[PDB]
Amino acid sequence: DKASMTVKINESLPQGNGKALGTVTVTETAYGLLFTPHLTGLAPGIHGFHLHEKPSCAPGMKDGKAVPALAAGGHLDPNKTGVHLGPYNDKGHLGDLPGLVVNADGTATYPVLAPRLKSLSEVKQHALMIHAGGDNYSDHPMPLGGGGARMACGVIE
């Protein structure tokens, strides 16, 4: 019996949840949490892929405008580093995962290992977020890796 679980992912719209885009499997390995995606409908390329603090994917208000998945808050960051440094650096947000790789047909199938995370309990009650932009694992030149807008989200557990 592997320590494994799934998370439903939905489109993040200004008014709430859009279509189900599929799932992501989260599995404990000898090397940390393996995120095996099973998603469809995404823009080909590499997308910011992070655990955000709050167990919500609902939109929020910012400067009078509807902001998709804003209720998830920022990146999971129990060490209070206040810095986005990616999946391989202990000095930044614990919620920083490797970029989500999206195939030419808009599907995501390629597994990504986040070695800093060791058990399922560490992802429960957080939002699994997929951004429009990519992620260079830095706050420079763009904040939070350049992920920009939130466009897909799933509350884990």
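Just count from 1 along the sequence shown to find any residue number.
Note on 63-71 vs 98-106: mean CA B-factor is higher in 63-71. If you average the C-alpha B-factors over 137-145 and over 12-20, the higher value belongs to 12-20. For the set 55, 115, 37, 48, the PDB entry puts the maximum C-alpha B factor at 55. Per-chain ranking of the deposited C-alpha B factor places residue 82 in the highest third.
For residue 90, the recorded CA temperature factor ranks within the highest third of the chain's modelled residues.
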